[PDB]
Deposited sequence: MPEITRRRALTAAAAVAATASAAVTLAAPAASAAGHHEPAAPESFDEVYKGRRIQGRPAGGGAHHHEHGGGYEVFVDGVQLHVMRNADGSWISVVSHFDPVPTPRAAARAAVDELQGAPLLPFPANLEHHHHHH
């Protein structure tokens, strides 16, 4: 059972999530319309390719942590 979808503006950037050389994930996240690879761990926590070693509770938390990491930088498509 996947998390709910979301859509908000966080630190000036649009982050979105929705249920759906890299993985199979039942959930998709976007930062300014560019897909961010994210992954769910067995305990329900989430990580992303820009914060891979620091699990956060939800995909929205992963998107926000990616925005914080990016410091305004465009994401490159994976």
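Q: Quickly check which stretches of the deposited sequence aren't in the model, judged by C-alpha, and list them in order.
A: No C-alpha coordinates exist for 1-39, 60-65, 124-134.
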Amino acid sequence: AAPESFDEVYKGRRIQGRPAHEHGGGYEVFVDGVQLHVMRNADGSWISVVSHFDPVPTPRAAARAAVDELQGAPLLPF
From here on, numbers count along this sequence of modelled residues.
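Q: Taking only the CA atoms, which stretch has the higher mean B-factor in the record, 62-70 or 21-29?
A: The recorded data point to 21-29.
Q: Compared with the other modelled residues in the chain, in which third is the CA B-factor of residue 41?
A: As the PDB entry reports it, the C-alpha B-factor of residue 41 lands in the middle third of its chain.
Q: Would you check the entry's CA temperature factor for residue 50 and let me know if it's in the chain's lowest, middle or highest third?
A: Answer is highest: the recorded C-alpha B-factor places it there.
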